[PDB]
There are 2 protein chains.
Amino acid sequence: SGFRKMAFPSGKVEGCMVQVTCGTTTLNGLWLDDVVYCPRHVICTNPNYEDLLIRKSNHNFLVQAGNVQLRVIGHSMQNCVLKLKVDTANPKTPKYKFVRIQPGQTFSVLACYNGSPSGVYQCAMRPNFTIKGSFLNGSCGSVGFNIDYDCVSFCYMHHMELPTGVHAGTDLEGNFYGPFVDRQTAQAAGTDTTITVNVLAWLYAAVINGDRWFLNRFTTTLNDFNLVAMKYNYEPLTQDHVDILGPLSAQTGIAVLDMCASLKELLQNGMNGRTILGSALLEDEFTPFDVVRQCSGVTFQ
Amino acid sequence: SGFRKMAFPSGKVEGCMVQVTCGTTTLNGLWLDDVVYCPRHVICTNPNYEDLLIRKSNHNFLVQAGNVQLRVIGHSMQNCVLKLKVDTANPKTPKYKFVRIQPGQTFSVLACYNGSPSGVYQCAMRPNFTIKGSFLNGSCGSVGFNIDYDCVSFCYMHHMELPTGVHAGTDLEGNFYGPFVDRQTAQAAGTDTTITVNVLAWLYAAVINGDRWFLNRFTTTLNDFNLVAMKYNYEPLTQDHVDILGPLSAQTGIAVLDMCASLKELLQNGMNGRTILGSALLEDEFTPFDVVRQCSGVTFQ
C-alpha cells in the first residue's frame, strides 16, 4: 500500500549519457552502439542549420564518455537532432527502441549536466505538448524514457524552456512535440487541459488505498459527464477510456460511470478541506497502466 | 526552472540488488563486496531469532544475482539484519557508507521484487520515524539511499507495513527507526507532525520559481511564530534552522523571519483556492539542501 510518483530505475540509461562540446557550447548526448545523439543547436553561429553543418569538421566535436575521449568519425543531421558517428560501440548499450508518445502518457526523465546524471523524476506529456519539468542551463540533451521488461523505450530529448517555465523538446528522430522550433521566436504554450482519464485512474488508486469519502450512490451517462467535464476544462472521456479503466473497475467493484459521477460532484463542490492520496488537488499525471503497475506488483530488468 | 519530487539516479544501487530465498520465504538482499544484507525475519519458523539461526545451515540460503547462483559460505546476525558471507565479491560494488538519518531528512527508495528493481521515488523520514512509502508484498529488503558525488550513503532497509498503511524499517546496521519490532504485535505509528523547516525551504523554491502571491509586508519573531506553529501541529523552528535557511534567504532577499510571517498567514487563512508550485497543500518533504540542489545545478557520479 501507499501511492507515490514513481520513476523507472535509471541505471540502463545512465550508461548511455555522454558530454558533447563544440565551440563554446556544451550539452548532453545519448550514446547507443556507435552513434551519439544530441540536439542540433550545438552547432556554431535567424539560423539555417544546413549551412552551419556544412562549415564544420568531425574534429570540431569533442565527446567525453566519463574520462575517455571519443573519436568522431562522421556526422549527419536528422530533423532537429544531430547524429555523431564515433569509432567505439557503447558496451553498455541496452536493448532499446525509439518510440513517440501521445499527450496524456507518462515517462521518466533523467536530468543531466555535462554528461553526468543529476536526478530522476516522473512526468507527463501535457495535452498542449509541453512538459512541466525541472531543468537548469546545461540540461539540454537529457532524455525521457519508459522501460518494459528489459527494453528501454526512449521517447524524449529536452531542448528548451518556454516563457511560462514549461519545457519543450523532440522525440529521438528529431521531430518536436508540439508547434515549437529550435530558434528564438516569441513562441508560447497553448492553453492546457486536464487529462480526464488519468484523474479517474488516480481515484481508483485512492479507493484501492482506503480513501472512499468521495464515493457516492449516484451514477451518470457518458454524455452528461462530458457536458460537465468541458465546463471545467477537462478532456473528453471516450468509450475507449472506459474500456481501459475496466480492469480497475473490476478490482474495486466501482463501475466506471459511477466513479465519473463522483468526479462530477468533486468538480462542482471542491474537496471541503479533505485530501485524496495526500493531495488537495485532483492529480492527472498517473495513467491506468501506472496505477495497475504500482498496485499489482510488476517489475522490470 | 520548474520544481519536481526528484530522486537520485539509481544505477549504482541496481547493481547490488539480489534475491534471497530460505524455506518458503523470498525477499531482496543487498550485495556489497562479499556480504549480502537482508532482513532477518527470512529465517524459518513469539520469535527468538538466536534459537532459529542456530538451527540453520549455509546451504539453506539460496541467493540469486540475476541468473548466477551465489554460494553462501557463512552467516551471522547484526541486530535486525542478517549478514550472509558469499564466496564472490560484487564487481559492481560502488564506494559506499552506512549512515543513519534524522527525522526530516530525505532519501531515495529503490523498490524491488525478487531481486529485480521496480521503481525509484523520493521520500522523507517522518518525525514519528515512519515513511509514507509505496510497497507491495515481496518488497522486504529494498533500500533507501542518498548519493554525494560518487559515494552511495545507504540509510534504510524496508521491513514491514503498519496498520495505517505507512512503513517501518532499519538502518543498515539492523537498528529500527522508531519504536517498532520485527514480530507481530499491535504496534502503531505515533502521532505525526509537519516538518516546519522544510515547508519554509519549499516556499523559497516557489519564490525562486515566480510564485510570490503569499509574500507579505509583515514580519515576526522566532517566539511568536512557534506559538502559532504549535497550534497547527508544526515542529518548532530553531535558530539552527534559521541559519540553514540563510543561503536561500540571500538568493531571494526574503529574510527568514519575513517568510515565517507569510507561513503564519497561510496557516491562519488557508490558500483561498490558489496553489504553490502546483500544490494546494504546504509541502514538507523537501529540505534546504534539496532546494539548493534543484536550483543551482549540482550533479553526481
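Listed as the method for this PDB entry is X-ray crystallography; the listed resolution is 2.49 Å.

Chemist: Please clarify how the overall build of chain A should be interpreted in this entry.
Modeler: Helix and strand content of chain A: eight helices and 13 strands. Put simply, chain A has 301 residues, and 55% of those count as buried. Of the accessible surface of chain A, which amounts to about 12,700 Å², a share of 50% is contributed by carbon and sulfur atoms. The distance from the centre of the 22 positive side-chain charges to the centre of the 24 negative ones in chain A is 3 Å.

Chemist: Looking at this model, I keep getting lost on the side chain of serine 249 of chain A. Mind explaining?
Modeler: Residues and elements named next belong to chain A. Within the element layout of this structure, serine 249 appears in helix α6 (residues 246-252). Here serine 249 falls in the buried class, since its relative accessible area comes to 14%. Discounting residues that sit within four places of it in the chain, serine 249 has contacts with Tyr204, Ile254, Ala255 and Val256.

Chemist: How should I be thinking about unusual backbone geometry in this particular structure?
Modeler: Residues apart from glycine generally show negative phi values, whereas peptide bonds are mostly found in trans. Positive phi, normally seen in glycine, also occurs at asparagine 272 of chain A, with a value near 60°. Within the secondary structure, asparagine 272 of chain A sits in the loop between α7 (256-269) and α8 (288-294). The exposure class assigned to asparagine 272 of chain A is exposed, which follows from its relative accessible area of 60%. Residue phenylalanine 129 of chain B is not a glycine yet carries a positive backbone phi of 65°. Judged by its relative accessible area of 29%, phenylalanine 129 of chain B falls in the partly exposed class.

Chemist: I'm lost on α7 of chain A in this one. Help?
Modeler: Residues and elements named next belong to chain A. Look at α7: 20 Å from first C-alpha to last across 14 residues, which is about the 20 Å you get at 1.5 Å a residue. Residues of α7 that are buried: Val256, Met259, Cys260, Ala261, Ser262, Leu263, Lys264, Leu266 and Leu267. Buried residues belonging to α7 abut α3 (196-208), α4 (222-231), α5 (239-244) and α6. Positive phi appears at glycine 270, one or two residues downstream of α7, with a value of about 70°.

Chemist: Please clarify how the pattern of salt bridges should be interpreted in this entry.
Modeler: Close approach of charged atoms allows side chains of opposite charge to pair. Residue and element names in this part refer to chain A. If you walk through the whole model with that rule in mind, you get 18 salt bridges over all chains. Residue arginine 126 is joined to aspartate 284 by a salt bridge in which the shortest nitrogen-to-oxygen separation is 2.6 Å. You can see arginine 126 sitting in the loop between β10 (116-124) and β11 (143-148) and its partner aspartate 284 sitting in the loop between α7 and α8, a full 158 residues away along the chain. Owing to a relative accessible area of 9%, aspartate 284 belongs among the buried residues under this scheme.

Chemist: Mind showing me how you'd approach the relation of the copies chain B and chain A here?
Modeler: For the pair chain B and chain A, the relating rotation is 180°, the translation along its axis is 0.0 Å, and the fit reaches an RMSD of 0.0 Å. Between the two chains, the operation in question is that of a two-fold axis. Minimal C-alpha separation from the rotation axis in chain B is found for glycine 11 of chain B, amounting to 1.8 Å. In this assembly, 100% of the residues forming the interface of chain B have copies in chain A that are likewise at the interface, indicating an isologous arrangement.

Chemist: Can you walk me through the interface of chain B and chain A in this structure?
Modeler: Counting from both sides, the interface comprises 46 residues of chain B and, opposite them, 46 residues of chain A. Counting the surface lost from both chain B and chain A, the interface buries some 3,300 Å², and carbon and sulfur atoms represent 50% of this. Taken together, chain B and chain A are joined by two salt bridges. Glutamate 285 of chain A serves as the salt-bridge partner of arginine 4 of chain B, at 3.0 Å between the closest nitrogen and oxygen. There are 21 residue pairs in polar contact connecting chain B and chain A.

Chemist: Where do I start with the environment of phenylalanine 61 of chain A in this structure?
Modeler: Residues and elements named next belong to chain A. Its location among the elements puts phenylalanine 61 in the loop between α2 (49-54) and β4 (62-65). Residue class for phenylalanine 61 comes out buried when judged on its relative accessible area of 3%. For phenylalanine 61 and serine 116, which are 55 residues apart along the polypeptide, the C-alpha to C-alpha distance reads 18 Å. Those residues in contact with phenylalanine 61 that lie beyond four places of it in its chain are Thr21, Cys22, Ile43, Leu53, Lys56, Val72, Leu82 and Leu84.

Chemist: Looking at this structure, how should I read the packing of aromatic side chains?
Modeler: For any pair of aromatic rings, the description rests on two quantities: the centre-to-centre distance and the angle between the ring planes. All names here are of chain A. Under the definition given, this model contains 20 aromatic pairs over all chains. Ring centres 6.2 Å apart and planes at 75° place the aromatic pair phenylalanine 98 and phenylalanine 154 in the edge-to-face group. Of this pair, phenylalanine 98 sits in strand β8 (residues 96-98) while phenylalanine 154 sits in strand β12 (residues 151-161), placing them 56 residues apart in sequence. Under the relative-accessibility criterion, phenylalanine 154 is labelled buried at 0%. Of the aromatic side chains, those joined through ring pairs into one cluster are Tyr37, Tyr96, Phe98 and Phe154.

Chemist: Any chance you could explain the sheet that holds strand β1 (residues 17-22) of chain A here in plain terms?
Modeler: Neighbouring strands of a sheet are bound in pairs by backbone hydrogen bonds; such pairs are parallel or else antiparallel. Residue and element names in this part refer to chain A. Strand order in the open sheet made by the seven strands is β5-β4-β1-β2-β3-β7-β6, with antiparallel pairing throughout. In this open sheet, the two strands that pair with only one neighbour each are β5 (68-70) and β6 (72-78). Neighbour to neighbour, the strand axes of the sheet diverge by 30° on average, direction disregarded. The pairing of β1 with strand β2 (residues 25-32) spans six bridges and is classified as antiparallel. Note that in β2 the partner of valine 18 across the bridge is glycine 29.

Chemist: Sorry if this is basic, but what is going on with the pairing of strand β13 (residues 167-170) of chain B here?
Modeler: The two faces of the sheet receive side chains in turn, since in a regular strand these alternate between them. Residues and elements named next belong to chain B. Side-chain alternation along β13 places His167 and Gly169 on one buried face and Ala168 and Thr170 on a second face that is also buried. In this structure, strand β12 (residues 151-161) lies alongside β13, joined through four bridges in antiparallel fashion. Its bridge partner lying in β13, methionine 160 is registered against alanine 168. From the end of β12 to the start of β13, which pair antiparallel, there are five residues, and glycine 165 there has a positive phi angle of about 95°.

Chemist: Got a minute to help me understand the packing of α4 of chain A against α7 of chain A in this structure?
Modeler: Helix-helix packing: each pair is described by the crossing angle between the helix axes and the interaxial distance. Residues and elements named next belong to chain A. Look at α4 against α7: their axes get within 10 Å of each other, and the N-to-C directions meet at 25°. It follows from the interaxial angle that α4 and α7 lie roughly parallel. Crossing angle aside, the handedness with which α4 passes α7 is left-handed. Residues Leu222, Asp224, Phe225 and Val228 of α4 pack against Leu257, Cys260, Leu263, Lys264 and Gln268 of α7.

Chemist: I would appreciate a short explanation of the pairing of β10 of chain A in the present structure.
Modeler: Residue and element names in this part refer to chain A. Extensive coverage of β10 is indicated by the burial of eight of its nine residues. Strand direction decides the pairing type here: strand β9 (residues 106-113) and β10, joined by eight bridges, are antiparallel. By the bridge assignment for β10, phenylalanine 107 is matched with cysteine 123. Between β9 and β10, which pair antiparallel in sequence order, lie two residues; one of them, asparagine 114, sits at a positive phi of approximately 55°.

Rules behind the numbers
Residues numbered from 1 in each chain as written, not as in the entry; some residues may be left out. Chains lettered and ligands numbered in written order. Heavy atoms only, no water. Helix = DSSP H or I, 4+ residues; strand = E, 2+ residues; numbered from the N terminus. Buried < 20%, exposed > 50% of the residue type's maximum accessible area, 1.4 Å probe, protein only. Areas by Shrake-Rupley, 256 points an atom, 1.4 Å probe, with all protein chains shown as cover. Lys, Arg positive; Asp, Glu negative; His and termini not counted. Charge placed at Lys NZ, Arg CZ, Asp CG, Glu CD. Contact = heavy atoms within 4.5 Å. Expected span 1.5 Å × (residues − 1). Salt bridge = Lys/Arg side-chain N within 4 Å of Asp/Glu carboxyl O. Least-squares fit on C-alpha atoms. Buried area = accessible area lost by both parts, 1.4 Å probe. Polar contact = N/O pair within 3.5 Å; in protein donor to acceptor, adjacent residues only side chain to side chain. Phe/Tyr/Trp six-rings, centres within 6.5 Å; stacked < 30°, edge-to-face > 60°. Pairing = 2+ DSSP bridges. Axes fitted to C-alpha atoms, helices over the stretch in contact; angles between N-to-C directions. Parallel < 35°, antiparallel > 145°, perpendicular 65-115°, else oblique. Left-handed = near helix turned anticlockwise from the far one by under 90°.

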